[PDB]
Structure formats: C-alpha cells, structure tokens
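Residue strings, one per chain:
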Amino acid sequence: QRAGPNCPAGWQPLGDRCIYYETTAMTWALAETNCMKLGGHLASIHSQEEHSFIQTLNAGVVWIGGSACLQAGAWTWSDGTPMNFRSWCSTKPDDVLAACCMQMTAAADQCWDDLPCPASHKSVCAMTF
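Residues numbered from 1 in each chain as written, not as in the entry; some residues may be left out. Heavy atoms only, no water. Residues with missing side-chain atoms left out of burial classes, pairs and counts.

A closer look at the sheet that holds strand β3 (residues 125-127)
Okay, so step 1: Taken in spatial order, the three strands line up as β1-β3-β2 in an open sheet, and their pairing is antiparallel. Since the sheet does not close on itself, it has two edges, and those belong to β1 (18-19) and β2 (41-42), each with one partner.
Okay, so step 2: Relative to β3, β2 is paired through two bridges, and the arrangement is antiparallel. Pairing of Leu 42 across the sheet is with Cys 125, part of β3. (Pairing = 2+ DSSP bridges. Helix = DSSP H or I, 4+ residues; strand = E, 2+ residues; numbered from the N terminus.)

This is the structure:
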C-alpha cells in the first residue's frame, strides 16, 4: 500500500511533474484566474525542447514571460526575475504603456512580441510539488 504518484488531485502529473493545458481562447485574465484556483501559474521554459511542446500543440498564443507597465525598462517573470534563451528574432518593438502584458505569438513567423493584455489566447500552466 503506497499511494502517491505525483500530484494530489484535480491536476495533471504528466510524467513526473505536474502541468496543465487548454485550447479555448482565454487570455491572462481568463487563464491566470482559472489557473490560480488550480494552484500554479503561466508555465515557462528551460529545456527549450519543452518550448517546442506548446508550439507543437498550437491553440492560439501563450501568455508566458511576465509583465511590465509600471516601471522604466524592467522586464521579469510573472512575479520573479527574468529568463534567458531567445534567438527567434530581433528585440521586441517599443516598450511603453502601449503594452503591459508580454506575449509570444504562435504563427511560427510571428515571433515573440509584447501585447496590451486583451487577446484571448490559449492557456499554458505548469506546476510542481
């Protein structure tokens, strides 16, 4: 008798860790809110190939990077520090109040590009224990 796979319940312990995914267009507001109630936040990437994962699914854009709309040139994670690895294309254009919620389109040629926040795109959430 040894009950204990990975996650507790109402989650998705794919492999070992725990991650979530959706399809219906639900931006930061719709995603983050529902995601918060679950227990986690907008997933991220490190192994790179994992980035290919969300790109392989294809279901809109993915809100993953953080946010910046109350400082002078300061981009970080959702609520921490910044990341690395990103040689898709040149740096994002502009960086004023015009955009507050970062965004990485998913057209293959769209390349990363900040957004103003309203753009109901699929949700990509991850988590651990």
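Some details on the nonpolar core
Okay, so step 1: Judged by nonpolar contacts, the single largest core of 16 residues is most densely connected at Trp 28, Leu 42, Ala 43, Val 62, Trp 63, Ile 64 and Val 124.
Okay, so step 2: Secondary structure elements with two or more residues in this core: α1 (28-38) and β3. (Core = buried A, V, L, I, M, F, W, Y, C linked by side-chain atoms within 4.5 Å. Buried < 20%, exposed > 50% of the residue type's maximum accessible area, 1.4 Å probe, protein only.)

Here's the deal with the side chain of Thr 105
Okay, so step 1: Considering the arrangement of structural elements, one finds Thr 105 in the loop between α2 (49-57) and β3.
Okay, so step 2: Among the polar contacts listed, one links the side chain of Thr 105 to the backbone oxygen of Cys 111, at a separation of 2.5 Å.
Okay, so step 3: What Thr 105 contacts, discounting residues up to four positions off in sequence, is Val 61, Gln 110, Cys 111 and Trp 112. (Polar contact = N/O pair within 3.5 Å; in protein donor to acceptor, adjacent residues only side chain to side chain. Contact = heavy atoms within 4.5 Å.)

Notes on α1
Okay, so step 1: For α1, the set of buried residues is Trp 28, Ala 31, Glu 32 and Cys 35. Buried residues of α1, viewed axially, fall in a sector of 90 degrees; they line one side. Set apart from the buried face of α1 by more than 90 degrees, the exposed residues are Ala 29 and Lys 37.
Okay, so step 2: Against the buried residues of α1 lie β2 and β3. (Arc of directions from axis to C-beta.)

Describing the UniProt feature "disulfide bond" in the protein
Okay, so step 1: At 2.0 Å between sulfur atoms, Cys 69 and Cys 100 form the disulfide that UniProt records. Within this pair, whereas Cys 69 is found in the loop between α2 and β3, its partner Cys 100 is found in the loop between α2 and β3, the two being separated by 31 residues in sequence.
Okay, so step 2: A residue is classified by how much of its surface remains accessible, and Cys 69, at 26% relative accessible area, is partly exposed.
Okay, so step 3: Judged by its relative accessible area of 22%, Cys 100 is partly exposed.
Okay, so step 4: Between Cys 89 and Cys 111 the annotated UniProt disulfide holds up in this structure, with the two sulfurs at 2.0 Å. In this pair, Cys 89 is assigned in the loop between α2 and β3 and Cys 111 in the loop between α2 and β3, connecting sequence segments 22 residues apart. (Disulfide = S-S within 2.5 Å. UniProt positions renumbered as here; feature names shortened; annotations may be inferred.)

Structural notes on the environment of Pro 118
Okay, so step 1: Relative to the helices and strands, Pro 118 is located in the loop between α2 and β3.
Okay, so step 2: Each C-alpha atom of the pair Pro 118 and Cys 101 lies 8.5 Å from the other, and the pair is 17 residues apart in sequence.

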